[PDB]
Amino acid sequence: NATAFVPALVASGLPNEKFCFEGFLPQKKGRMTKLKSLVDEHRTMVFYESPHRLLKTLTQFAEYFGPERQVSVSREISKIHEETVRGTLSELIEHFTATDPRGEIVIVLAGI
């Protein structure tokens, strides 16, 4: 689902009227640059991620934005049915260390 971000934003409990759709992070070349680039972003950011890459992305998010930054990770089970994990980046890293995630997800990250 291409517009999976719409319900993710609603589920997130984060400011969602002003937001930056970022899509997928660069896997390699350009990735640190993109991350570095988002450090002063005050708007909610929305990213898509794969389940096997989520923990790395969340870890690096903690490194660049701080472990206390609010985040929401969501999986769309249907157009009306969503599953969501929300808290600090630190809480989500701990959560997705104990349990691997389950489908393509949307990450909704609080701005500065």
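The first residue of the sequence shown is number 1, and the count goes up from there.
Trainee: Split into thirds by Cα B-factor across the chain's modelled residues, where does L58 land: lowest, middle or highest?
Mentor: It falls in the bottom third of the chain.
Trainee: For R75, return the chain-relative third of its C-alpha B-factor as stated in the PDB record: lowest, middle or highest.
Mentor: According to the entry, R75 has a C-alpha B-factor in the chain's highest third.
Trainee: For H42, does the deposited CA B-factor place it in the lowest, middle or highest third of the chain?
Mentor: Answer is middle: the recorded C-alpha B-factor places it there.
Trainee: Compared with the other modelled residues in the chain, in which third is the CA B-factor of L89?
Mentor: It belongs to the lowest third of the chain when residues are ordered by C-alpha B-factor.
Trainee: Classify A110 as lowest, middle or highest third according to the C-alpha B-factor given in the PDB entry, relative to its own chain.
Mentor: Tercile = lowest for this residue's CA B-factor.
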